[PDB]
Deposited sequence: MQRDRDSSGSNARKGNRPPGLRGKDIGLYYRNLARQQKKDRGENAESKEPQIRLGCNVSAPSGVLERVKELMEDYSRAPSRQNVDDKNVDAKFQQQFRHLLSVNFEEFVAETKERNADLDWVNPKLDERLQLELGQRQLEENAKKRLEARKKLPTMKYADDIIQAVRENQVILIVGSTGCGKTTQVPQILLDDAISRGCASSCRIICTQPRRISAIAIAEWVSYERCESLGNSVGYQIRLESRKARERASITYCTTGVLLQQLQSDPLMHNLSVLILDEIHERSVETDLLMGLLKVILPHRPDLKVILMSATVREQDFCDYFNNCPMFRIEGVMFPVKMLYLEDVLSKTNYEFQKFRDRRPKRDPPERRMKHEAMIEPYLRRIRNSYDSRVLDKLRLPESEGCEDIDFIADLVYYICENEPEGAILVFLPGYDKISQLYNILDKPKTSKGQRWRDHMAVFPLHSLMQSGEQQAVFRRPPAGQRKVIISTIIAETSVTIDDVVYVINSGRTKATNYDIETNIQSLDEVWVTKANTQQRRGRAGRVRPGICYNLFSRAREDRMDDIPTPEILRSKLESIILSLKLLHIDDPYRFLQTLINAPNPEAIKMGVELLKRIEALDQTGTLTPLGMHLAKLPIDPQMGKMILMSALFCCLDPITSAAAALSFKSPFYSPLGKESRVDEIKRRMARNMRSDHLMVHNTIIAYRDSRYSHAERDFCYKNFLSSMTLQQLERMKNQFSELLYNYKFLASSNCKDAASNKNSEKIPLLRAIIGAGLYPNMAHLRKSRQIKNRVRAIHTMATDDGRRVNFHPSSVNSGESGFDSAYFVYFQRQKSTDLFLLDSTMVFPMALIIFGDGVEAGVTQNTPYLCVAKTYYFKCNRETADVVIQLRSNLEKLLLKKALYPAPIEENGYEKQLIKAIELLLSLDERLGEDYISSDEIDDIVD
């Protein structure tokens, strides 16, 4: 055991802390406690009966509305606005199958519709079912929900379908995503939403009584949400005979979902796309004749294949396939040369280059922008080159979508973001490197890593279609067919990649209390060891008790749309009156940083982050300072100038503001706050006390702790609490800095790439970790009295301070349990405030002097 710095507090402070604790100890309506007791006392059969009675609205129909919309449909089908657009819709393959889909839905609870791009299933199926219900005089019984994986798709599809019906958004078609909606009319309507919106609405309507038809789209992508939804339908559907479900998939292991729901009926609907010829590395080199130079394994892969194709290609072409760097993106000049090849030959059209990540995008951009080869210098001024990455601004401007100036060919250098998330319509040419990056978690070492990997066959098939939107395209794959043969069908289903705390907790509000039993019923069952890791984390933050039963705190956290650790932090910031900085930190961790990282500007970005961090040694407080400065720029009508100078996305900043406001409104509704405004002065009295903000941030990121031992940019010797050496990620505001006031840090995420990095950190003080943490005990190790935290970090502490801190923790636990069971704002002059004051006083001792 190694003893750390002395945490003893002065007698004058100890005296006041004990006065404040004893004032707190002299303390003597709750509808939340009755709801929590009721949830725990009902079995699943009762839960089902009670939710039926509470969501009965769809038991009510409106015969005059039914008659009126039937009449209006028949009439307006003779108007000349529709009946053009109806003849155009009938060109969509899905409309050929309308009557068979109507009949199959009528005869089956679940059907599956399988189709590729252009088939029209997403826009036409909801309309077919809606117009049939209206035609049959059933209109007001029809409420159709169609889930989408992505926000932008929910909006765009809803707007398109609304236009096809000659309606403004909000009549028969609507959309709902998080914090934005254009709601359709209540009945005889189609709503497009993100899958997560529907999952959240299950808390109020767990058996889905409030819709007649559920359409799950893009299930072949195997997001957590749709995988979970399908598992929940196995619980729900036996209790909902009248509910209809239409599953929708691209043709990517479509049979999995058919098998998963008994053997349900499956429609295969043909696509509409222009042909895209597929070339592989052998064909590419046979065209360009590019010459390379500056385990194997690989040799066992390529040599049998070179035998099979020996007569179809020149031997010098085949011989290049034996070079391991011929495949993938390992040689960027090879890729640049293929770009030049397409620029010289082939018809006009844009080039879309799929590369794994930021680093290789930067390399290809620099080669094309500042070429060393004469062939490149000829082409430099004839290309319009756009790097595309989730951290770069290019996707948030218009230029990459519009056609380039005449005589210039657009070249887009992209990550997987342009596979689905981002769409460029004038692309005729795709260079598919076959490489992406993936995050991998190793259960046994508890290490998350980011590794360059081969893409899957489904990825290659998706990238190929990206060349066929306008005219016949070409897809150049930078690997051999032998490499393709070795690729997996699909990416690992993301639920096998996921941390499970939030899911397990949310299931409790649906009365699925045994997560081992339910998650085993998914299409791919997560590792039971990851479920246990999820349950143990939830017991550690006391969202579950030691029996695994939901606590009052756990119920509150399940009702916030954020990971429970950060939900806890937000709730603590309400009690400790730091709401605004803490919701900023939580929202940035839950969503993302507002900072861009544009090509070549990375040291400039580092300097901006430094200035926003204001020497507070926290990436989390840095984000909040950014938000404070962003508000000032709006108040100054300097918003654009501010975002430009500081490399900030105003779109991300505005979304972070919306999320902070959602957290504030929910806490207000749950009676933890007197005001719903996250800036409200009452909720923020402590928001400029930095040691208090470090304490609350620590309370949320605990137990992820690190300890720095080191001197010198500076070199760092630092280890997380598990003993593994780490460094701050270079993008972090603590990388390379020296002179930390404290050697301790908390962090949200640790990740291995070239080193084991902390991607974000806040410098913290021991006494804060001790007050809000666990594994706390006082004792004597050598002859020195100590106080420890997590049974890991042992601090010199005298008896007087130890006994007061241990007593403080007991009262804090008592206060937290009571606020969770009986939510109410902490009154300024009351008993509970005196315990808050005791803690503020102890934490203020670490203020920067």
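Enquirer: List the gaps, meaning deposited-sequence segments with no CA coordinates, ordered along the sequence.
Expert: According to the deposited record, C-alpha coordinates are absent for 1 to 51, 80 to 89, 356 to 368, 787 to 792, 930 to 944, which together make up the missing parts.
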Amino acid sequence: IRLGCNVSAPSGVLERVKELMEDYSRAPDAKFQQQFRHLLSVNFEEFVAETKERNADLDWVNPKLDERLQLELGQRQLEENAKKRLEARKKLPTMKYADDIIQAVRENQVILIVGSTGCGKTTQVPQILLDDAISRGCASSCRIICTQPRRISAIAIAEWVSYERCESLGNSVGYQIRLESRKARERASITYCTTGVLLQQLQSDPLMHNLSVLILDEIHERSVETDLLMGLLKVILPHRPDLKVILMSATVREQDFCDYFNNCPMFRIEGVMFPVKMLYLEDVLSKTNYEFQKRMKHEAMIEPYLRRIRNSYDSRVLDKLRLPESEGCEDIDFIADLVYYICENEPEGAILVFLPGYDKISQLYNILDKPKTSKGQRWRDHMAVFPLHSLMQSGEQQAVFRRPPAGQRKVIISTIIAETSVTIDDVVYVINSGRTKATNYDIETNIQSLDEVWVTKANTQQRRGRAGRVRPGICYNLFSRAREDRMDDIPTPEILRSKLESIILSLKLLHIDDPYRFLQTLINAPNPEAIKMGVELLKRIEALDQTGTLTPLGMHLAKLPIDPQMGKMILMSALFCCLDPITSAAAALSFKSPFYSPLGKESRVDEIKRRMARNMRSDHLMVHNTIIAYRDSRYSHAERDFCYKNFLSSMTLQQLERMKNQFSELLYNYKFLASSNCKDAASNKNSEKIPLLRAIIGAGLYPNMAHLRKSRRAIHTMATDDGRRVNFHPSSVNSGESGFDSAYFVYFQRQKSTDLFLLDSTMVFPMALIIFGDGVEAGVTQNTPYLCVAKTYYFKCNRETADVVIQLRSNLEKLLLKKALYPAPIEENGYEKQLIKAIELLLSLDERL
From here on, numbers count along this sequence of modelled residues.
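In this text, rigid core is short for the largest set of C-alphas that superpose within 1.5 Å between two forms.
Enquirer: Give, as the answer, the stretch of 495 to 503 and 295 to 303 that departs more from the shown form in 8 other deposited structures of this protein; the measure is RMS Cα distance after a core fit.
Expert: Output: 295 to 303, the stretch lying farther off on average in 8 other deposited structures of this protein.
Enquirer: Do the Cα atoms of 304 to 312 stray more than those of 531 to 539 in 8 other deposited structures of this protein, or is it the other way round, with the core held fixed?
Expert: Between 304 to 312 and 531 to 539, greater C-alpha deviation in 8 other deposited structures of this protein belongs to 304 to 312.
Enquirer: What stretch has the higher average Cα B-factor here, 362 to 370 or 215 to 223?
Expert: Higher mean C-alpha B-factor in the PDB entry: 362 to 370.
Enquirer: Tell me which stretch, 700 to 708 or 376 to 384, has the higher mean Cα B-factor listed in the entry.
Expert: Per the PDB entry, the higher value belongs to 376 to 384.
Enquirer: Between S810, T792, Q70, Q33, which one tops the list for Cα B-factor in this entry?
Expert: Of the options given, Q70 has the highest CA B-factor in the PDB entry.
Enquirer: Pick out which of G349, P594, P149, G328 has the highest C-alpha B-factor in the PDB entry.
Expert: Spelled out: the listed residue with the top C-alpha B-factor is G349.
Enquirer: When the deposited Cα B-factors of this chain's modelled residues are ordered and cut into thirds, is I836 in the lowest, the middle or the highest one?
Expert: Middle third - that is where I836 ends up once the chain's C-alpha B-factors are sorted.
Enquirer: Lowest, middle or highest third: which one holds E536 when the chain's residues are ordered by CA B-factor from the entry?
Expert: Tercile = lowest for this residue's CA B-factor.
Enquirer: Classify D513 as lowest, middle or highest third according to the C-alpha B-factor given in the PDB entry, relative to its own chain.
Expert: Answer is middle: the recorded C-alpha B-factor places it there.
Enquirer: Please place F267 in the lowest, middle or highest third of its chain according to the CA B-factor in the PDB entry.
Expert: Tercile = middle for this residue's CA B-factor.
Enquirer: Please place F647 in the lowest, middle or highest third of its chain according to the CA B-factor in the PDB entry.
Expert: CA B-factor rank for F647: middle third.
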